[PDB]
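S.K.: model this:
(chains A, B, C, D and E)
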Amino acid sequence: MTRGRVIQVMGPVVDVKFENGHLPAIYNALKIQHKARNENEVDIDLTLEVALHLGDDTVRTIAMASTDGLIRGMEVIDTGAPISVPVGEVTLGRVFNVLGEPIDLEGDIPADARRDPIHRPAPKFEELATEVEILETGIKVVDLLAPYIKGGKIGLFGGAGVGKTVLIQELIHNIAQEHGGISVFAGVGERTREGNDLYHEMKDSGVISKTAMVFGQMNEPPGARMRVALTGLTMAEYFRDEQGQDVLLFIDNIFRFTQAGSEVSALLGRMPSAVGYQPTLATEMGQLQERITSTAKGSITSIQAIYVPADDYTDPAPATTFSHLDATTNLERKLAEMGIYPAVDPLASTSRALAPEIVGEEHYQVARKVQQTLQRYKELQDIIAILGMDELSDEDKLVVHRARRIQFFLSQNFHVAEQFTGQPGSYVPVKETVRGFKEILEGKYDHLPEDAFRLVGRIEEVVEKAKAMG
Amino acid sequence: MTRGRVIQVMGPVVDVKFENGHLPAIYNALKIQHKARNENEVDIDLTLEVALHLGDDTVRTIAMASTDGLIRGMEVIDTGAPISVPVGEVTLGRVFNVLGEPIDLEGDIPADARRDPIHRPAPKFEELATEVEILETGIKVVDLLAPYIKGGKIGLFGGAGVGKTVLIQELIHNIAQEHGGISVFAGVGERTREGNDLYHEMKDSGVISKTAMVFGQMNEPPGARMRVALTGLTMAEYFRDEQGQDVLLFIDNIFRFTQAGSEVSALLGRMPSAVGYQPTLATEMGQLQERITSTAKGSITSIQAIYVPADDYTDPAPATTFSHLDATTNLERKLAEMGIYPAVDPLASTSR
Amino acid sequence: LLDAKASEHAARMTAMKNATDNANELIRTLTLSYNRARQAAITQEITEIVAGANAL
Amino acid sequence: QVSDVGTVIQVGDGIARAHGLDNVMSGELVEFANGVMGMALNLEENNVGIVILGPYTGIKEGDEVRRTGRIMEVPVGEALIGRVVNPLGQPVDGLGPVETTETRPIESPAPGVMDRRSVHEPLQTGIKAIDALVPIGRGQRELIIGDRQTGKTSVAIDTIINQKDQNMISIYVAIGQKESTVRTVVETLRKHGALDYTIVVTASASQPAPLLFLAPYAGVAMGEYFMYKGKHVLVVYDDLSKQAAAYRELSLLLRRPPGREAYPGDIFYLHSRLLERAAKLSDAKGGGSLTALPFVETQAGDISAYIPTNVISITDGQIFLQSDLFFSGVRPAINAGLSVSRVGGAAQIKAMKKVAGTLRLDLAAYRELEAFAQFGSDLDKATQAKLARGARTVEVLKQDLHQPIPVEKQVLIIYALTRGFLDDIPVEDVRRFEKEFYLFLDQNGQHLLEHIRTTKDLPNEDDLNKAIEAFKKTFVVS
Amino acid sequence: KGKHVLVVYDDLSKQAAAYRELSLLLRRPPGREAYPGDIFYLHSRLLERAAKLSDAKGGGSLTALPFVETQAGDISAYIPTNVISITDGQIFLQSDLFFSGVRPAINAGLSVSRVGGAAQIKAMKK
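M.R.: Residues are numbered from 1 along each chain as shown, chains lettered A, B, ... in the order given. Pasting the structure now:
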């Protein structure tokens, strides 16, 4: 009959006993629907996920919600399959929880809608792409200094209020516009206030019509805080594998996933690790990350925000996470206050693809020259104050001038910023931005005012802005 | 019934098994008095304190003395109450161990004298005084720069040879002379020779006529080293409550109290806390300090000497102790080498 | 020249005093970091020891 | 041998284990024969793990444990205002029992994503520095972090007192405080008259660790009822660091594996589950609001510590108090670099908003003009004016104890400072100038005060300047 | 068979972490940093198989180039020390030198070769 009963309840871990020969497999979903029989009981509607086979026909499971009110001997039924989440175009412009139920007020989803399992083996070695394909994001700084790669993991760094949400929205809009690809946002263990603010921002910017949202904010139990990333990933996998289109995936904080895993392993009873983490840290993180790859029929690329506990970068969780990243983009409050609004640090941004083999020798030379000039300006910044503008050579003055021009040109006007600035914004191809930076480095625009480079697209915009200036 | 039998001896930890339905409550006092039945045994006079109920009608206890000579199956008698210590006028001028037995050669206390439990709930919310009062000590430095709050805890800093004993004696004398209230001294984890020297100094100075002394030596087991502070406090509580007079309470070193607590926790086997201390460090310190308060009809104020391990003020024991302090007085060797007494630092000292 | 010699001596006075003050200010922070590291080492060692003893 | 009523097996260090209780539910309340409550965590195969919410001295092996049929609940109602209760809702101050009629679960879900709404209503703390530089919204979670003895309790008491006529319920939760200190706090609140709209929840140091662990949840549960009824609630947690220490103690007693600094890995969940309940409800849900002001006590100002980092990761912004300048008697300096209110800014009224920017710029310039710029006599540039104005700003930001200042007077004095009207008056007379200016305002500029109080905006500059000049003519420098 | 073989282990730290996970799941008692006691033996077994066979065995050979990944250049960590104590020499790569475009970012001072001289032709040696 595949019907079991509860024998042990302890925290978020529940043990179930089954009839012999009908044990549910690992990662199966169990349902507990109960109606109170008197005034000394409470109604329970709970979902569990199988974790271990403890022997003696007993199965140890983790809870997807609070376990308050559970009573030993309660009836448990099994769904015969792992957690299933609706997929397809019905998920666009919608907010989902870990179970896939819609959180927003826009109604529920019909029962006939296709649902797919949470857990899936990683794509095989044969199906993967054979060579690196750079992803043209349309943003000057990113496409020049720290290019993004299809199927690659990008680590996003920076505090709050430095343009993280604006950059996320701009990336989503640009990808949906120029590649026809949707994005998926997974709010793994962060502030509900921030989640609501981002939802409203995307709603009134109009980007939400091409994205799906799953929220696993801090107040949720460890089971949800683990499986939210997986349900977002399995939402994106459908679009990768069926529509054959590129997809963006955003993870609000990957550190909360490993923290929830560490929290739940102790309840499971496994022996601890170096800093009390779960013994299965590396394999769990790898099982999560290995599904975000590129195949012959599209790709999924992910932007992941990272947190460090106690500012310890040698901690096992960041150490394990960092081995999967391919590029890093850093956001600087000093640049944000100066007012250039790609808000991204040009010197701290690194990428595995910044090599002449992948992006081309001319692109590599341009990037190296720009980096060297900016580094020279940063070094000069000391004598600029200590000795003043005096005692500088002609080369120093010229390089300061060129570096000021380059720094002002790195800024861009976004489609998102239109609603607050009036100007529409533009999409800059990689070849166009390489040509513009080549022209600036050659000195063809040493006569134009440096303020004509603010918030412009291609190189012609600078010329027109200079003409408007004078 | 009243009788139990030892079933397990493991260092200073003794386990006793009673008959079902008559287990003693936690913190009760168990007495073992045995006489050598033949030449293969030795006489035993030992006191135990109940700590845990392990189930199966067994009880886990900690010993207040040496456990050598114990035999499995020896009879144990229960007192039905925690350790009881004599209180009142008879305690003045005497020296007591942790168990309340006099140490000096003055003579034992009659068995009909009133005795009070060691462990006691802290005074309730209603009983506390509503406003802060200042305890006038009569010393210019203290009364001006670092005033003492009635019912407050004062941290005393300084090594030997700088005037700690002289300051303590003068505080006792001034309080007794100008307020009529006695003081109590509790030498937790003291050096025996230093304790003897301090006792002789007080006897010569004549202070001892209006004070009570409790000593826990370093050769005593951790249970005694941990309960000496409590027995001193419960000695002072009688004068706080019944006589209704202000009392001083001196603790020789509270860090040794915390260390004894950590040692006994390690013996019991609890998982270690932050830097190896007991997990119950904060609640133990709270249960000790929260009884030193000011009530409607009296007050107890305490002067406590603090040792800082490795000169780390962020260490867990000093951090926990400092959260209860109301004022601080520091002694200075520079002021000592200069011609100034009581050599209290006027800048390092502070007061809420 | 004599005034310049006096001036350079005073400048060396000030420079050395500033260097000593900076050294002391570095010492205090280094001691704080040392104490934190000592506590972390003690806690990790004790946790590992108790875990190993508990595994049996 | 009916086994729906339990029997105790093991007792030690405040944790029990009982046999029986077949029908007990996880998280239920169980009452011992002694009359002491208890909460059941673990439902093992044969026995039940019970945490004792009281003195365990009277509990012996073989005692009887009875079910109550209720998940962890606290009494909530209007009658709870002005009382002092323990985390279980029992009165501690006396004055008879509390006649409530409703209860709420301790563990309750937080408001959802769709339920919340961005905050726009100011919370007037009544402190010049906070209200000018670091504003507080009515749904904001703002952390107040500092070392020991830096006046955090004084700040909390002033903030609570300032809510006298703002129709806002206040809750003060004291974790690990000394009972004498809590009693003095209650006394000063009664003296200032805040007991008409405040609730005090106490859990001293001598209490067992479970009560310390439960106190903040009881406080927020009491707040939630008023929040959902549509009112506005302010709740203050005295020491989440002490609460976390108590939870660590309990976890170590329950034989769980510890992590960094011996804390269990569940400490972040412990704090997030509590601080996620403070939110600004939307108009659909009712428009209520509950704001929290948690306190964290650091050692040597170590922000790198585990609990401070965890709490900072959760709250919207933090206010930093420095123990360096506490010795001067000034209310401890708000570290400008380390204090931020990301949610704030939208909360500030128009009057303070038009001047906070320039006040912040002046303070930043003065602070960056360190001691190195105060040496010598060659500073003849505008740096001398910068130093003078910075000294003026620092002197003005000083405040007395338990003297909240109305926002109108705060705006007026800050505008007077920023418009150069105090550049000539010496530093030592600034406080007397401010006090006499408040008296002069209350005597003559009642129209200005009413205009600000009504329209939440400044009056005419050409009129306010004349008012200031008239006061200056009336004033005399020492 | 008399051939010559070159083997490159792309990461031994990952293998050590996997072994630690396996041992912990097997409920073996942990040692330093939760590592099992035989973590040194695990690498000694693998690396000691690389040898230059004598003339009687056939003259075959098998050279190995194990990889170890440090954390912020912490060469004093447990696994790096254990591996260094086993292999002949080591080649250290510097992140700072890698960033400046110096590929490879060989650190000549730290890098040593215990079979130096005999492994070079006469011209290169001189």
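S.K.: Could you list the alpha-carbon positions for stretch C:1-19 in CSV?
M.R.: This file holds the C-alpha atoms of stretch C:1-19, laid out as CSV (Å, rounded to 0.1, in the frame of the first residue of the first chain):
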residue,chain,number,x,y,z
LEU,C,1,74.0,77.0,8.4
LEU,C,2,73.8,76.9,12.2
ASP,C,3,70.1,77.5,12.1
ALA,C,4,69.7,74.8,9.5
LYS,C,5,71.6,72.3,11.7
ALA,C,6,69.3,73.2,14.6
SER,C,7,66.3,72.7,12.3
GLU,C,8,67.4,69.3,11.1
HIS,C,9,68.0,68.2,14.7
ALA,C,10,64.5,69.2,15.6
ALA,C,11,63.1,67.5,12.5
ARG,C,12,64.8,64.3,13.5
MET,C,13,63.4,64.7,17.0
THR,C,14,59.8,64.9,15.6
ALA,C,15,60.4,62.1,13.1
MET,C,16,61.7,59.7,15.6
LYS,C,17,58.9,60.5,18.1
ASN,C,18,56.3,59.9,15.4
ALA,C,19,58.0,56.6,14.5
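S.K.: What is the burial count for residue A:39?
M.R.: 8 (other Cβ atoms under 10 Å in any protein chain shown). Using the backbone N, CA and C atoms, a C-beta is placed for each residue, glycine as well.
S.K.: Then residue D:106?
M.R.: Counted with other Cβ under 10 Å, residue D:106 comes out at 19.
S.K.: now residue A:319
M.R.: By the criterion of other Cβ under 10 Å, residue A:319 has 18 neighbours.
S.K.: how near is the closest residue in space to residue A:22 that isn't next to it in sequence to residue A:55?
M.R.: Distances taken as Cβ to Cβ, 6 or more residues apart in numbering or on different chains put residue A:2 closest to residue A:22, at 4.6 Å, once the chain neighbours are dropped. From residue A:2 across to residue A:55, the span is 18 Å (Cβ to Cβ, to the nearest Å).
S.K.: the more surrounded of the two?
M.R.: Comparing residue A:2 with residue A:55 by other Cβ under 10 Å, the one with more neighbours is residue A:2, at 14 against 7.
S.K.: Return the distance of the more buried one relative to residue B:4.
M.R.: When residue A:2 is compared with residue B:4 (using Cβ to Cβ), they lie 53 Å apart.
S.K.: contacting residues around the residue of the stretch 1-150 of chain A found nearest chain E?
M.R.: For the stretch 1-150 of chain A and chain E, the shortest gap (Cβ to the nearest Cβ) falls at residue A:52, measuring 11.0 Å. Applying Cβ atoms under 8 Å, 6 or more residues apart in numbering or on different chains to residue A:52 gives the contacts A:26, A:59-60, A:268.
S.K.: now residue D:79
M.R.: Listed by Cβ under 8 Å, 6+ apart, the contact set of residue D:79 reads D:98-100.
S.K.: sec struct for it, please.
M.R.: Secondary structure assignment for residue D:79 (DSSP: H, G, I helix; E, B strand; the rest coil): helix.
S.K.: how near is it to residue A:235?
M.R.: Plainly put, residue D:79 is 50 Å away from residue A:235 if you go by Cβ to Cβ.
S.K.: about what we covered before: pretty sure the residue of the stretch 1-150 of chain A closest to chain E belongs to a strand, no?
M.R.: Yes. Counting by three-state DSSP, residue A:52 is found in a strand.
S.K.: just to revisit the earlier point, would JSON lines of the contacts of residue D:79 with distance to chain B be doable?
M.R.: Listed next are the contacts of residue D:79 as JSON lines, based on distance: Cβ to the nearest Cβ, whole Å:
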{"residue": "D:98", "distance to chain B": "15"}
{"residue": "D:99", "distance to chain B": "20"}
{"residue": "D:100", "distance to chain B": "20"}
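S.K.: which SSE is the closest residue to chain E within the stretch 151-300 of chain D in?
M.R.: Closest residue of the stretch 151-300 of chain D to chain E, Cβ to the nearest Cβ: residue D:257 (10.8 Å). Following DSSP states H and E, one finds residue D:257 outside all helices and strands.
S.K.: Need the single longest helix in chain D, by residues.
M.R.: Using DSSP state H, we find that the single longest helix of chain D is helix D:209-229.
S.K.: Against which helices or strands is the helix or strand following that helix packed?
M.R.: Sequence-wise, the next helix or strand downstream of helix D:209-229 (DSSP H and E) is strand D:232-237. Other helices and strands packing on strand D:232-237, by 3 or more Cβ pairs under 8 Å, 6 or more residues apart in numbering or on different chains; DSSP states H and E, are helix D:152-161, strand D:169-175, helix D:209-229, strand D:289-292.
S.K.: what residues does strand D:232-237 touch?
M.R.: Strand D:232-237 is contacted from outside by D:123, D:138, D:156, D:159-160, D:163, D:167-173, D:175, D:216, D:219-220, D:223, D:226-227, D:243, D:274, D:278, D:288-295, using Cβ under 8 Å, 6+ apart.
S.K.: Show me the strands in the stretch 51-200 of chain D, by range?
M.R.: Remark: strands assigned in the stretch 51-200 of chain D by DSSP state E, counting those that start in this stretch are D:64-71, D:73-76, D:84-85, D:102-105, D:142-147, D:169-175, D:198-203.
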